[PDB]
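The block underneath contains the structure these notes are about, expressed in C-alpha cells.
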6 protein chains.
Amino acid sequence: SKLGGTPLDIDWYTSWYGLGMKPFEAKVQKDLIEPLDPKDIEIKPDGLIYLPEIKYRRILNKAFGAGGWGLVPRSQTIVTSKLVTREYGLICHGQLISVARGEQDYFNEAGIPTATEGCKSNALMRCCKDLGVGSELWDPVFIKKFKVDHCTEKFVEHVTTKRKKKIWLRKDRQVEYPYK
Amino acid sequence: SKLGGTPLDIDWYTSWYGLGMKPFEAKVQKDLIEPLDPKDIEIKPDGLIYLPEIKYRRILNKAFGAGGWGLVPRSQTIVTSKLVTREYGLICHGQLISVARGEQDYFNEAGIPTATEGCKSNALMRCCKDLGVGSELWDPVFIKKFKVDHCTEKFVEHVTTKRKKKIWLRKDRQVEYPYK
Amino acid sequence: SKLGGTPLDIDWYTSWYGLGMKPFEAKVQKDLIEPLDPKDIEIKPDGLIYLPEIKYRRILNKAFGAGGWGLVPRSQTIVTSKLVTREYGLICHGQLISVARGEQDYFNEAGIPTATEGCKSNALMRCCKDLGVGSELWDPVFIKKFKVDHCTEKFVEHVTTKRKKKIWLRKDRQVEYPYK
Amino acid sequence: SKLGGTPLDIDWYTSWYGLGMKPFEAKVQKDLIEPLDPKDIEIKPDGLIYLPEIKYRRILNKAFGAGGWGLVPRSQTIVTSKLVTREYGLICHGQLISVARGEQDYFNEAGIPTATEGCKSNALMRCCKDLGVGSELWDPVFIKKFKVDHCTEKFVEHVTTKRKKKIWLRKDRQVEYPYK
Amino acid sequence: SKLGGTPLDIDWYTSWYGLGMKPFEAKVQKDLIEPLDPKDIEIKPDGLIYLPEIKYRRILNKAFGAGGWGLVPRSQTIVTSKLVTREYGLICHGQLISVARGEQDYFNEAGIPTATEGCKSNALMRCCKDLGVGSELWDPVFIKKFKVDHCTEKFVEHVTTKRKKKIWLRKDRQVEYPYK
Amino acid sequence: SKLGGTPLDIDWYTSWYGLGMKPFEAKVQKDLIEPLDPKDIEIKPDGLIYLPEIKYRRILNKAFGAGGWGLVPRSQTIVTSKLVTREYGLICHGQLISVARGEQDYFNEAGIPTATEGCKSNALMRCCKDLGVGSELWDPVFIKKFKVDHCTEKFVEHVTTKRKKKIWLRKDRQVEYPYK
C-alpha cells in the first residue's frame, strides 16, 4: 500500500511443496558451485560488478537440464510510478527452492510490459543466491581484487549534455553510450 | 490498471502442471543448445541484434517435433493506445516450461488484430530464453564481436523527409526502406 | 500498530512442523560449527564486526546441500517510513528450525523493493544463530581480540561535507566511500 | 491492558504437549549441568553479572544438537512506549519445557524490530533456568565470590557530559564506552 | 475483582490429570527430603529466612531430571497497581501436583514484565511445599535455632537518607545496599 | 451473598469420585494415627494450641508419598473486606476424601494474594481432621494437660503502645514480637 503503485497437480502459485525437503544429488552440487570465469563478469559505470542473467540461465540449464526448472509468479505485478515489481519463485525438480522480488526501471508508459520481463530476470538472479550460484559476486574480497586487476577508472566525456564524469569500465572494453 | 488499455484433460489456461518437473532426454538437450549460425542473425538500424522468430519455431520443431509443443494464452489481451500485450505460456511434451509477456507496436486502428499475433511471436521468443535457445544473442561479448566483424555503421539518407542519419546494417545487406 | 508503517503438503506459511523434533546427523553437526576464518570477517566504520551473508549461504549449502534448506515468509511485509521489516522462517531437511525478523534501511521511495530482499538476508543471518553458525561474532572475547589484532582506528576525512572523523577499518583495507 | 503498549503435526503456538512428560537421557543431564567457566562471565557497570546468550545457545547445541531444539512464540509482541516484550516457549526433542517472557530496551522508533529479537534472546536465557543451565549465575555465594576475585570497583570519568561515577568492571577488562 | 488490577495431548492449562494419582518411586522420595545445608539459607534484613529459588530448581532437577517437570500457567496475569500476580501449576512426570499463586513487587511501569517472571519463581517456591522440599524453612524450631547460631542483629546506618536502623544479617555476611 | 466480599481424566473441580469408596491399606492406617510429639505443638498468646501446617504436609507425605495426594480448589476465591476464603478438596490415591473452607487474615490491599495461599494451608489443616491426623489437638483433656505441663501464663509488656497484658507461651520459649 505504501508503494505508489497499482496492480497491472500442484498449485505452484501458492503451494510451498518441497521447500527445503531433500538435497539434490552429487553432480548437481558440483556444477552449482563451479567457479565463475572472470572474462564474463561485467561492471556498471558506477562501480558495481554483476553477471549477465543469460549466464544464470545457462548455468541452471547445465545443472538441472532444460525443463528441469522454472520460474512461477507468486504475486500480482505491482507497478510503481517509476519501477515495476513482482515476486517470483524458483522450482527445480518439482521442488520449490526460494521466492524473491524483482525490479526494473521504466521511463515511458509504453515501457511497462517490456520491463515486466526484466523483473523476472532480476528475480531469477536473486533466487539463485540460495543455490550458491555466483557467490563470488557478493564476496567483498573478490570484488576488491577484480576491480583492481580487471577494471580501470577512466575520466570520460558525456556527449549528450557535454559534462565531464568519472566512471568504471573493464580494461578490454571501450567507452559506450551515452559517453564519448 | 496503470496501462492505458482495455481488454479486447488439463486446463492449460490456468494450470501449472509439470512446471520444472523432470528434465528432457539427452538429444533434446543437445539440439536445444546448438550454436546459432552467424549468417541468420539480423540487426535493427539502431544497433540491436536479434534472430527471426521463424528460426525459433524451426529450432523448436527440430527439438520436440511438430505437435510436441505449443503456446497457450494465459491472460486476456490488453490493448494500450500504442501497443498490444498478452501473456503466453510455452508447453512442451505435456509439460509447462515458462510464461512470458509479449509486445507489438500498432499505428492504426485496423492494425490491432494483425499485431496480436506478432505479440504471440514475441512471447515465444521470450519464453525460449528459459530453454537456452539463442543464448548468445544476450551475451555482450558475442554482440560486441558480431557487431565489429559483421555489421557496419553507415551514413545514409532518409528519403521520406530528407534528413541525414546514421544507422547499423549488415555487411552483405544494402539499405532498405524507409532510407535511400 | 505502533510501527509507523503499513503492509506492502505442509503449509509452511503457518505450520510449526518439525520445530525441535529430532537433531541432525553427525557430520552436519561437525560442519555447522566449523570455526570461521578471520580474513573474511568485516567491520563497520562504527566498530561493529560481522560476516557477509553470502558466507552464511555458503556454509548452509555446505552443511545441508543445495535444495536442502530454504527461507519461508511468515508475515506480511511491514514498511515503516524509514525501514522495511518482515518475519522469515528457516527450514532444513523438511523441518522448521526458527523464525526471525529482518531489517533494512531505505532512503528513497524507489528503494523499498530492493531492500525487501536485504531484509530476507538479514533474517537468514539472524536465524542461523540458532544453528550455532558464526557464534564467535557474538563472543565479546573474540570481538575484543579481533579488534585489537586485525582492525585499526584511523583518523580520516569526510570528503562529502569536509569534516574530520574517526572510524574503524581492517588493517589490510584502505579507506572507502564516502571518506577520503 | 495496564502496560502502555499495543500489539505489533503439533500446533506449537498453543499446545502444551510433552510439558514435563519424561526426563532426558543421561549424557544430556550431564552436559546440561557442566560448571560454567569463570572467564566468560561478564558484569554490567552497575554490578550485576550474567552470561552472553550465545553461550546459552552453544550449550544448548552441545546438549541437544542442532535442530534438536527451538524457540516458539506464544503470544503477540507487546510494544510498550519504552520496551518490547513477548512470550516464548522452549521446545527440545519434540517436547515443551517452559515458557518465559522476554524484554528489550529501545530508544528510537526505528529500533523496535531490532529489539524484538533481543527479547527472543532474553526469553531463551530465562527459559534455560528450568534446565539448570547457568545456575551459578543466580547463586548469591557464587556472585559474592566472583565479584571479589574477578571484578574491581573503579572510579572513572563519563566523557559524554563530564561527570564522575563509580562502576564495576572485570579485572582483565579496560573501560569502555561511554566512559573514559 | 477486588484487587485493583487488570489482566495483562493434555490441555495442561485447565486439566487436573494425575492430581494425587500415584506416588513416585523410592529414590525420588529419598532425595525430595534431603536435609537442606545451612550455608545456603539466607535471611532478609527484617528477620525472615528463606532459600534461593535456583536451589529449588536444582533440587527439582536432581529429583526428576531435566525435562521431567515444568511449570504451567493456570490463569491470566493479574497486575495490581503495586504488584503482579499469577497462578501456576507444577507438573512432574506427566502428573499434576499442585497449583499456587505467585507475587512480585514492581515500582516502575517499565518493570512489570521483569517481575512477571519473578512471580513464576515465587509460585514454584510455593508449590514445592507440597513435595516437602525445604520443609525446615517453615519449622519454627529450625528458624529459632538458625537465627541464634547463624545470624546476628546489627545496628547499622542507612546511607540514602542517613537514618539509623536495626536489621538482621548472616554472621559471615557484610552489610549491603542500601545501608553502610 | 451475605459475606461482604466479591470473587477475585477426572474433573476434580466438581467430581465426587471415590468419596468414601474404599479404605486404605494397613500401614497407611498405622502412620496416619501416629501420636504427635509434644515438642512441636505451639500455642497462640491467647491460649489456643495448634500444629504447624508444614507438619501436616510432612505427615501426609510420610503416609501417602510425594505425588500421592494433593489439594484441589472447589470454589472461586471469596475476598471479604477483612479476610480471604476458599473451598479446597483433599485427594489421596486418586480418591477424594473431604472438602473444607479455609481462612486468612489480611490487613493491607497488597496482601490478598499472599494470604490466598495461607487459606490453602488452613483448608489442608481442616481437611486432615477427617483422616485423624492431629486428633489430640482437639481433645480437651490433652489440651488441659499440655497447657499445664508445657505452657506458662506470663505477665508481659506490650512495647508498641506500652500497655500491660497477660499472654500464653511455651516454657522453653521466650517472648516475641510485638511484646518485650
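Ideal geometry is used to build each Cβ from the backbone, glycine not excepted, and the neighbour counts take in all protein chains shown. Taken together, the values in this text are just the output of simple stated rules run on the coordinates, not laboratory data.
Could you tell me whether region B:97-110 includes any residue that is in contact with a helix residue (DSSP H, G or I) (Cβ under 8 Å, 6 or more places away or on another chain), buried (at least 18 other Cβ atoms within 10 Å of the Cβ) and of a type in the set (S, T, Y)?
Step one: filter region B:97-110 for residues in contact with a helix residue (DSSP H, G or I) (Cβ under 8 Å, 6 or more places away or on another chain), giving B:97-106.
With buried (at least 18 other Cβ atoms within 10 Å of the Cβ) added as a condition, the list becomes B:97-104, B:106.
Among the residues that remain, those that are also of a type in the set (S, T, Y) are: B:98, B:106.
Yes, there is a match, as at least one residue in region B:97-110 is in contact with a helix residue (DSSP H, G or I) (Cβ under 8 Å, 6 or more places away or on another chain), buried (at least 18 other Cβ atoms within 10 Å of the Cβ) and of a type in the set (S, T, Y).
Given the criteria within 13 Å of chain A (Cβ to nearest Cβ), more than 20 Å from the chain's Cα centre (by Cα) and surrounded by 15 or more Cβ atoms within 10 Å (Cβ to Cβ), does B:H93 qualify?
Yes, satisfied.
Filter region F:111-154 down to residues that are aromatic (F, W, Y) and in contact with a helix residue (DSSP H, G or I) (Cβ under 7 Å, 6 or more places away or on another chain), then give me how many there are.
Here the count works out to 1.
Select from region F:30-45 the residues that are charged (D, E, K, R) and buried (at least 19 other Cβ atoms within 10 Å of the Cβ) and list them in ascending order.
Those that are charged (D, E, K, R) and buried (at least 19 other Cβ atoms within 10 Å of the Cβ): none in region F:30-45.
The conditions are (1) polar (S, T, N, Q); (2) out of contact with any helix residue (DSSP H, G or I) (no Cβ under 6 Å at 6 or more places or on another chain); (3) surrounded by 23 or more Cβ atoms within 10 Å (Cβ to Cβ), and C:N61 fails exactly one of them. Which is it?
Single failed check for C:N61: (3).
If we scan region D:74-83, do we find a residue that is more than 30 Å from E:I78 (Cβ to Cβ) and in contact with a helix residue (DSSP H, G or I) (Cβ under 9 Å, 6 or more places away or on another chain)? Break it down stepwise before answering.
Pass one, region D:74-83, residues more than 30 Å from E:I78 (Cβ to Cβ): none.
Within region D:74-83, none of the residues are more than 30 Å from E:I78 (Cβ to Cβ) and in contact with a helix residue (DSSP H, G or I) (Cβ under 9 Å, 6 or more places away or on another chain).
Just wondering, is there one or more residues in region E:42-53 that are in contact with a helix residue (DSSP H, G or I) (Cβ under 6 Å, 6 or more places away or on another chain), charged (D, E, K, R) and either within 12 Å of chain F (Cβ to nearest Cβ) or not in a loop (DSSP other than H, G, I, E, B) (or both)?
Scanning region E:42-53, I find at least one residue that is in contact with a helix residue (DSSP H, G or I) (Cβ under 6 Å, 6 or more places away or on another chain), charged (D, E, K, R) and either within 12 Å of chain F (Cβ to nearest Cβ) or not in a loop (DSSP other than H, G, I, E, B) (or both), so the answer is yes.
Between F:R74, F:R86, F:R101, which is closer than 19 Å to E:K129 by Cβ and either among the basic types (K, R) or within 10 Å of chain E (Cβ to nearest Cβ) (or both)?
F:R86
For region E:107-129, does any single residue satisfy the condition of being closer than 24 Å to E:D9 by Cα, under 13 Å from the mean Cα position of the chain (by Cα) and not charged (D, E, K, R)?
Yes, the conditions are met somewhere in region E:107-129.
Tell me, which residue of region F:54-71 that is more than 8 Å from every other protein chain (Cβ to nearest Cβ) and not charged (D, E, K, R) is nearest to the chain's Cα centre (by Cα)?
The selected residue is F:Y56.
How about region D:13-52: which of its residues are touching a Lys or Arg at 6+ places or on another chain (Cβ under 9 Å) and within 30 Å of C:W12 (Cα to Cα)?
Within region D:13-52, D:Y13, D:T14 meet the criteria.
Residues to consider are A:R173, A:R163; find the one that is more than 12 Å from the chain's Cα centre (by Cα), surrounded by fewer than 19 Cβ atoms within 10 Å (Cβ to Cβ), under 21 Å from B:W138 (Cβ atoms) and among the basic types (K, R).
Values: A:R163 fails: under 21 Å from B:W138 (Cβ atoms).
So the residue among A:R173, A:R163 that is more than 12 Å from the chain's Cα centre (by Cα), surrounded by fewer than 19 Cβ atoms within 10 Å (Cβ to Cβ), under 21 Å from B:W138 (Cβ atoms) and among the basic types (K, R) is A:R173.
If you scan region B:15-41, which residues turn out to be of a type outside the set (A, V, I, L, M) and outside any loop (DSSP other than H, G, I, E, B)?
Within region B:15-41, B:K27, B:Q29, B:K30, B:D31 qualify.
Can you tell me which residues in region D:46-58 are touching a strand residue (DSSP E or B) at 6+ places or on another chain (Cβ under 6 Å) and surrounded by 16 or more Cβ atoms within 10 Å (Cβ to Cβ)?
D:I49
Does F:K147 count as of a type in the set (K, R) and exposed (fewer than 10 other Cβ atoms within 10 Å of the Cβ)? Lay out the reasoning, then the answer.
On the way: of a type in the set (K, R): yes; exposed (fewer than 10 other Cβ atoms within 10 Å of the Cβ): no.
No, not satisfied.
Take the residues in region D:132-144 that are of a type in the set (G, A, S) and at the interface with chain E (Cβ under 9 Å from one of its Cβ atoms); name whichever of them is surrounded by the most Cβ atoms within 10 Å (Cβ to Cβ). First the steps, then the outcome.
Filtering region D:132-144 down to residues of a type in the set (G, A, S) leaves D:132, D:134-135.
Next, only the ones that are at the interface with chain E (Cβ under 9 Å from one of its Cβ atoms) stay: D:132, D:135.
Values: D:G132: 18, D:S135: 21.
Filtering first and then ranking leaves D:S135.
Would you please name the residue that is nearest to the other protein chains (Cβ to nearest Cβ), looking only at residues in region E:1-38 that are within 30 Å of D:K2 (Cβ to Cβ) and out of contact with any strand residue (DSSP E or B) (no Cβ under 9 Å at 6 or more places or on another chain)?
Selected residue: E:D11.
Let me confirm something: among D:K129, D:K120, which residue is buried (at least 19 other Cβ atoms within 10 Å of the Cβ) and either more than 8 Å from chain E (Cβ to nearest Cβ) or among the β-branched types (V, I, T) (or both)?
D:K120
Taking D:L169 as meeting all but one of (1) under 25 Å from E:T114 (Cβ atoms); (2) part of a helix (DSSP H, G or I); (3) not aromatic (F, W, Y), write down the number of the exception.
(2)
Under the condition of being aliphatic (A, V, I, L, M) and touching a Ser or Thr at 6+ places or on another chain (Cβ under 6 Å), which residue from region C:81-114 is nearest to D:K120 (Cα to Cα)?
Once the filter is applied, the top-ranked residue is C:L90.
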